[PDB]
Amino acid sequence: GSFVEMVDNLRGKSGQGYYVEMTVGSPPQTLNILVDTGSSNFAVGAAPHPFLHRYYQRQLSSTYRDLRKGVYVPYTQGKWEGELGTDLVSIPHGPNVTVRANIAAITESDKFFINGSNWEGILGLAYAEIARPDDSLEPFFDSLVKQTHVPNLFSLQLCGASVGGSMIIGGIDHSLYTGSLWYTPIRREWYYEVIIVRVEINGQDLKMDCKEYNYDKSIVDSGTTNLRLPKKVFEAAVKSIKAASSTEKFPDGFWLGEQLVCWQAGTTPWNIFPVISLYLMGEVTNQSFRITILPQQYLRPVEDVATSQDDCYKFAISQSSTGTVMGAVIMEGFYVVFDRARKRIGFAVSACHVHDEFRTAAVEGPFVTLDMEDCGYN
Ligand SMILES: CSC[C@H](NC(=O)[C@H]1NO[C@@H]2OCC[C@@H]21)C(=O)N[C@@H](CC(C)C)[C@@H](O)C[C@@H](C)C(=O)N[C@H](C(=O)NCC(C)C)C(C)C
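Asks: Would you mind going over the domain arrangement of the protein chain with me for this structure?
Replies: For interface size, the figure often reported is the accessible area lost on association. Annotation of the protein chain at the domain level lists domain 1 (18–150) and domain 2 (151–378). Facing 19 residues of domain 1, the contacting portion of domain 2 comprises 29 residues. Each partner contributes to the roughly 2100 Å² buried at the junction of domain 1 and domain 2, and carbon and sulfur atoms together form 63% of this total. Between domain 1 and domain 2 we count 2 salt bridges in total. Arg-188 serves as the salt-bridge partner of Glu-129, at 2.7 Å between the closest nitrogen and oxygen.

Next up, the structure:
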């Protein structure tokens, strides 16, 4: 076992991603690996770095094999190259197994590792199709399901505020969410690609073309902090959120994520910021459901030192050229099930949820929505 053992096995720093503990090689070297659903490559720093307090020493693993190949992985921000090998891997606070998994040893990286982040590697939980340099490179989870009896499914429970959560590998832990799970189809098994059929702000429809929401694509990426929207959608929402908050004033560099906002501690005017409702395509015909986001999610907190401590937040909705990204701020407060087996993603209200005083982040269905297929971009 056991699910209770995997609960609370993620840790993080705010806006710095969630990591889990893994071991690589024999004898086992323990490293903190960022859980990333927007990528398909298992990689760790194998070289010294100013931002790393640990790294993978293949020289110290009787089990390391070399694929005599090199790889380069770009991300929306940050990139790295290294040497492909295969070693033995285990998750201390996950299923009780060890598997031979492809591993990229990171030899050189730009804008990838984070100063003070406690993670020295990344675990791409998406599919092979987006693996580098090709789908030949079985991704970790594929290896794990192919070499064990771990079911082909995992759920992520990302709790905010430093920060922690749970990664239940191979099942659903029912003590971690309330209500019922709602499922949206994985449109295609490359990214975790979902179809957003409608968007509402404070109960008002943005009334854009369904396609605009998934222009390029929409994905669930635990590895991206913000909620990232296509240009057109993004602009619409900012306009909407601005109007909802015109009572106060902020630099338009705030809405760009550049500047910061602070209020006298415990004085945050949550009420003037709206809720955002994302309607995801459902499991039956003409059926969808919605998840509702509180400003406590897209207003991310960031500590600043001041003669008065205050409460400071960064605007956590960013413009995108790669499609919509349902990042960690969206995933926080929900229990998200990556049902790779039944080709779907389920959402429920997390046990560790947002808890506004007069508003609740919710998962609600059923909703009827016609021509939902017309929302996928082609
Ligand atoms: C400026 S947008 C922020 C996002 N990273 C972050 O927010 C983070 N910065 O510090 C923290 O680390 C993770 C969370 C925090 C990011 O850009 N990128 C990555 C997370 C990092 C761990 C490398 C990925 O999760 C993004 C993911 C969608 C991705 O880029 N996947 C690649 C891709 O699809 N395309 C490559 C791209 C240049 C077109 C792989 C599949 C190869």
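Right, picking up where we left off after that structure.
Asks: How should empty space enclosed by the protein be read in this particular structure?
Replies: Remark: the empty space left among the atoms is shown by a probe the size of a water molecule rolled over them. Of the voids in this model, the largest cavity is the one considered here, and its volume is about 70 Å³. If you trace the largest cavity, you find it lined by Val-199, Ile-201, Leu-206, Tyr-213, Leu-227, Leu-229, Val-233, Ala-237, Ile-276, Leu-278 and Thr-324. Elements with a contribution of two residues or more to the lining of the largest cavity: β12 (196–201), β15 (227–230), α4 (231–245) and β17 (276–281). A per-class count over the lining of the largest cavity returns 10 nonpolar, 1 polar and no charged. Estimates place the volume of the second largest cavity at around 50 Å³. What lines the second largest cavity is simply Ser-40, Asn-41, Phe-42, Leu-84, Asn-102, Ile-103, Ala-104, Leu-137, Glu-138, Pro-139 and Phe-140. Of all the elements, strand β7 (residues 98–110) adds the most residues to the lining of the second largest cavity, at 3 residues. Looking at the lining of the second largest cavity residue by residue, the class counts come to 7 nonpolar, 3 polar and 1 charged.

Asks: I keep staring at the packing of aromatic side chains and nothing clicks. Help me out?
Replies: Aromatic rings in a pair are described by how distant their centres are and how their planes are angled relative to each other. Within this structure, the stated rule accounts for 29 aromatic pairs. Plain terms: the ring middles of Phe-154 and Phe-338 are 4.7 Å apart, the flat faces sit at 10° to each other, and that makes the pair stacked. For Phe-338, a relative accessible area of 0% puts it in the buried group. Taken together, a centroid distance of 6.2 Å and an interplanar angle of 80° make the contact between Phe-250 and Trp-263 edge-to-face.

Asks: Looking at this model, I keep getting lost on the environment of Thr-76. Mind explaining?
Replies: Examined against the element boundaries, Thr-76 turns out to sit in the loop between β5 (65–74) and β6 (79–90). For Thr-76, a relative accessible area of 63% corresponds to the exposed category. Each C-alpha atom of the pair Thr-76 and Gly-94 lies 29 Å from the other, and the pair is 18 residues apart in sequence. Residues contacting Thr-76, with those up to four places away along its chain left out, are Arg-228 and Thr-322.

Asks: Help me out: how do you make sense of the site of the ligand in this one?
Replies: Of all residues adjacent to the ligand, which total 22 residues, the nearest are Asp-36, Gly-38, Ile-114, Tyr-191 and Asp-221. Separating an oxygen atom of the ligand from a backbone N or O atom of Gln-77 is a distance of 3.2 Å. Interatomic distance of 3.3 Å between a backbone N/O atom of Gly-223 and a nitrogen atom of the ligand. Of the residues contributing to the shell around the ligand, the split by class is 10 nonpolar, 10 polar and 2 charged.

Asks: I would appreciate a short explanation of the sheet that holds strand β25 (residues 363–368) in the present structure.
Replies: Pairing between sheet strands relies on hydrogen bonds along the backbone, with the strands arranged either parallel or antiparallel. Strand order in the open sheet formed by 5 strands is β13-β12-β17-β18-β25, with antiparallel pairing between adjacent strands. For this open sheet the edge positions go to β13 (204–205) and β25, each flanked by a neighbour on one side alone. Examined bridge by bridge, strand β18 (residues 287–293) and β25 share 4 bridges and lie antiparallel to one another. Bridge pairing in β25 places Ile-291 opposite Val-363.

Asks: Before we go on, may I ask you to explain the state of the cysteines in this structure?
Replies: By definition, a disulfide links the sulfur atoms of two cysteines through a covalent bond. With the rule as written, the count across this model stands at 3 disulfides. What pairs with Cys-159 in a disulfide is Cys-352, and their sulfur atoms sit 2.0 Å apart. Its torsion about the S-S bond being -85°, the disulfide of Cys-159 and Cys-352 is classed as left-handed. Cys-352 gets classed as partly exposed once you look at its relative accessible area, which sits at 22%. Disulfide pairing places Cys-210 opposite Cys-375 at an S-S distance of 2.0 Å. Judged by the torsion about the S-S bond (85°), the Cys-210/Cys-375 disulfide is right-handed. Taken together, the positions of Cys-210 in helix α3 (residues 210–213) and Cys-375 in the segment after β25 put the pair 165 residues apart, joining distant regions of the chain.

Asks: Got a minute to help me understand a negative patch on the surface in this structure?
Replies: On the surface, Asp-209, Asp-371, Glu-373 and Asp-374 cluster together into a patch of negative charge. Tracing the sequence through the fold places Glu-373 in the segment after β25.

Asks: Looking at this model, I keep getting lost on helix α2 (residues 140–147). Mind explaining?
Replies: In an α-helix, one full turn covers 3.6 residues, which means residues spaced three or four apart are oriented alike. Within α2, the full set of buried residues consists of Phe-140, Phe-141, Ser-143 and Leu-144. Along the axis of α2, the buried positions cluster into a sector of 155°, meaning they face one direction only.

Asks: Can you walk me through the side chain of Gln-287 in this structure?
Replies: Its location among the elements puts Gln-287 in strand β18. Polar side-chain contacts of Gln-287 include one of 2.7 Å to the backbone nitrogen of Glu-283. Among the polar contacts listed, one links the side chain of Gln-287 to the backbone nitrogen of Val-284, at a separation of 3.0 Å. If near-sequence neighbours (up to four positions away) are discounted, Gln-287 is found in contact with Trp-182, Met-281, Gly-282, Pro-366, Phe-367, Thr-369 and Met-372.

Quick notes on the rules
- Residues numbered from 1 in each chain as written, not as in the entry; some residues may be left out.
- Heavy atoms only, no water.
- Domains from an automatic or database assignment.
- Contact = heavy atoms within 4.5 Å.
- Buried area = accessible area lost by both parts, 1.4 Å probe.
- Salt bridge = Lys/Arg side-chain N within 4 Å of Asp/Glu carboxyl O.
- 1 Å grid on protein atoms, 1.4 Å probe; cavity = no way out; pocket = protein on both sides within 12 Å on 5 of 7 lines; lining within 4 Å.
- Points joined across faces, edges and corners; volume = space filled by probe spheres on them.
- Helix = DSSP H or I, 4+ residues; strand = E, 2+ residues; numbered from the N terminus.
- Nonpolar A, V, L, I, M, F, W, Y, C, P; charged D, E, K, R; others polar.
- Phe/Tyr/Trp six-rings, centres within 6.5 Å; stacked < 30°, edge-to-face > 60°.
- Buried < 20%, exposed > 50% of the residue type's maximum accessible area, 1.4 Å probe, protein only.
- Near = heavy atom within 4 Å.
- Polar contact = N/O pair within 3.5 Å; in protein donor to acceptor, adjacent residues only side chain to side chain.
- Pairing = 2+ DSSP bridges.
- Disulfide = S-S within 2.5 Å.
- Patch = residues over 30% accessible without salt bridge, like charges linked within 9 Å, V, L, I, M, F, W, Y side chains within 5 Å.
- Areas by Shrake-Rupley, 256 points an atom, 1.4 Å probe, with all protein chains shown as cover.
- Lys, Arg positive; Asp, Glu negative; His and termini not counted.
- Charge placed at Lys NZ, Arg CZ, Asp CG, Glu CD.
- Arc of directions from axis to C-beta.

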